[PDB]
Amino acid sequence: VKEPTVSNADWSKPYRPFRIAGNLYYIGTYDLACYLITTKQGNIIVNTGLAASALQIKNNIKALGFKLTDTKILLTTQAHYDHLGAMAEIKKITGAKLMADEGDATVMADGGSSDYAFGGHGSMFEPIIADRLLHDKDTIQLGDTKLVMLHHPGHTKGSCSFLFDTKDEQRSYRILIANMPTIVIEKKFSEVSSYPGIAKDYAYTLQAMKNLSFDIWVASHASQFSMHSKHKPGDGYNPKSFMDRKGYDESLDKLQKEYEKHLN
Ligand SMILES: [Co+2]
Ligand SMILES: [Zn+2]
Ligand SMILES: [Zn+2]
């Protein structure tokens with residue numbers, strides 16, 4: 001396994017973990033977004049960072065006063081090394097069930113060596129095998145929390161978002177953990193031959209994502225939802241700073257124009 005060169009220091013830069021809304025917490029790096037969802041029956045972790053991120057993740061969970069041994073479920077939005085780098089390790093240590101969008105099961109099982117965009121040069125992250133293959137609109141229940149997986153292909157063949165309700169003592173929130181449909185290739189869709197449905201998948205995702213409704217959206221990278229504009233370490237609890245429909249729409253507009261060009 002050889003993790004590709006990382007030029008962006010913020011991918012490994014530690015960041016102080018915080019509560020976003022209800023039982024949703026941010027436990028990722030300065031730019032690689034990882035989430036903890038805490039329930040009465042244990043916890044869900046969504047994403048890791050790079051290979052070395054396992055230490056920070058364990059520490060972040062601890063720092064919020066939760067227990068790593070309460071981890072029951074592992075999810076990802078995206079089978080790329082920047083979001084699955086430490087997943088094999090976290091799964092080993094926790095013994096949690098990994099649930100994955102069927103579209104990415106294969107790439108995950110080979111550590112990214114069959115990746116349509118970065119394949120052919122061996123494993124880019126430690127292979128993981130999912131205990132559950134999820135399809136569009138499958139639900140994941142733990143205690144009183146229920147997640148809906150949304151198949152949002154294109155970024156990866158199985159990239160996906162999660163839609164779920166949480167509550168604090170005053171209010172309930174509909175949260176989208178979105179995988180934004182960014183384009184990873186530099187060439188035209190028509191030339192990406194080992195992913196024949198790539199253009200149709202982007203078209204489907206862009207349309208499906210525009211029509212979603214929620215109170216709060218977050219993304220796979222902190223920068224993609226401007227997390228550092230909405231929250232500083234020490235802010236305390238403030239779900240409302242993550243209410244940002246305009247931000248979401250502006251982002252999908254940009255990604256729509258990108259889709260039209262075919263690349264970046
Ligand atoms: Co299936
Ligand atoms: Zn990616
Ligand atoms: Zn990424």
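Side chains included, hydrogens not; waters and symmetry mates left out as well; all remaining heavy atoms used. The first residue of the sequence shown is numbered 1, and numbering continues consecutively from there. Whatever order the structure lists ligands and atoms in, that order sets their numbers, starting from 1.
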>> Whether the side chain of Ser251 engages the backbone of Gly247 through a donor-acceptor N/O pair (distance < 3.5 Å, no angle test) should be reported.
In response: no

>> Quick check against the 3.5 Å criterion: does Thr71 have a side-chain atom that pairs as donor or acceptor with the backbone of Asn43?
In response: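 The answer is no, because no donor-acceptor pair under 3.5 Å joins these two groups.
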
> Side chains of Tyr195 and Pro153: closer than 4.5 Å at any heavy-atom pair?
Replying inline: yes

> With no hydrogens and no angle check, do the side chains of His221 and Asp82 hold a donor and an acceptor under 3.5 Å apart?
Replying inline: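 Short answer, yes.
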
>> If I only include protein atoms of type N, O or S, how many are less than 2.8 Å from the Zn ion (ligand 3)?
In response: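 Protein N, O or S neighbours of the Zn ion (ligand 3) under 2.8 Å, waters not counted, come to 3.
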
>> Suppose we only allow N, O or S atoms; which atom of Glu102 ends up nearest to the Co ion (ligand 1)?
In response: OE2

> Considering residues at least two apart in sequence or located in another chain, which fulfil the salt bridge (charged side-chain N to carboxylate O under 4.0 Å, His left out) criterion with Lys58?
Replying inline: none

>> Ignoring hydrogens, what is the shortest heavy-atom contact between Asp168 and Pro239? Give both atom names and the distance.
In response: OD2-CG, 4.1 Å

